[PDB]
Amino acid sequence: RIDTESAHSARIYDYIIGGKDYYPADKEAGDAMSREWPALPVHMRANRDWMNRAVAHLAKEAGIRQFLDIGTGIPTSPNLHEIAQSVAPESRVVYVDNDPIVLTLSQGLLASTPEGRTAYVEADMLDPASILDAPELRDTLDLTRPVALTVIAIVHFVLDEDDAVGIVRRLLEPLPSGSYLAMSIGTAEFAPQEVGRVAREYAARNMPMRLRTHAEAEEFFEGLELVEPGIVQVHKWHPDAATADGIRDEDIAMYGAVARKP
């Protein structure tokens, strides 16, 4: 099932951020991409750090106790549920990915506090019903209470013919008032040549990307209430004292944003 001879996006990301869950094809891809854009590891680490700050905000400040994470990727410490459950042990998280390697690594995702619950669903976001009607999900989350929908480091792999904005908003539909949408969205605006070349290395390896402008990112959040500072480069979203240390704008190719559903 794993297909170790071709590169996969989750495995390249893990290779670059220092994990072990990758194969030679993933290393070759990551190394080629870093040659085009030396900041690639700074970008990928900053996206992970952003997830950590966004989930902590959602759990602590917003009081959210249920999360639906679309495109979970390779488990990496701390995982989303470990952050949420440290704030409130009763928190519940459903993780979702379509890369078969994630299923093989799913024990760490399933290691919940006793007060809380977690589950893992192998599914494709192109079929929202397969996610929303999954028994693992319906046994885990109560969709009559607020949920944070997290769609992090995935949407740029959905090209326009499948309507990424529509898919995301279809997943948000069943979540009640007071739910949230949190996303990171890939952009070429801050380093067009280097990021463009990286995107073309992904396309050459059968992972075409759709990078977006700020205006295009805004489409996902129409009708929702953005948390300040709005849609900004990830290292500028609620930074800690060290968040942007030595990081230039050109070194970051993700927008991040969190918004409340009225």
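Note that residue numbering begins at 1 and tracks the sequence as displayed.
- As the entry records it, the average C-alpha temperature factor is higher for 133-141, out of 147-155 and 133-141.
- A summary of the deposited B-factors shows that, of 4-12 and 252-260, the stretch with the larger mean C-alpha value is 4-12.
- Ranking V96, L181, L105, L126 by the C-alpha B-factor listed in the PDB entry places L126 at the top.
- Highest C-alpha temperature factor among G116, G166, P192, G186 per the entry: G116.
- Remark: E216 belongs to the middle third of its chain, ranked by C-alpha B-factor as recorded.
- Compared with the other modelled residues of the chain, the Cα B-factor recorded for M209 ranks in the highest third.
- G223 sits in the highest third of its chain by CA B factor, as recorded in the PDB entry.
- The PDB entry assigns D31 a C-alpha temperature factor belonging to the middle third of its chain's modelled residues.
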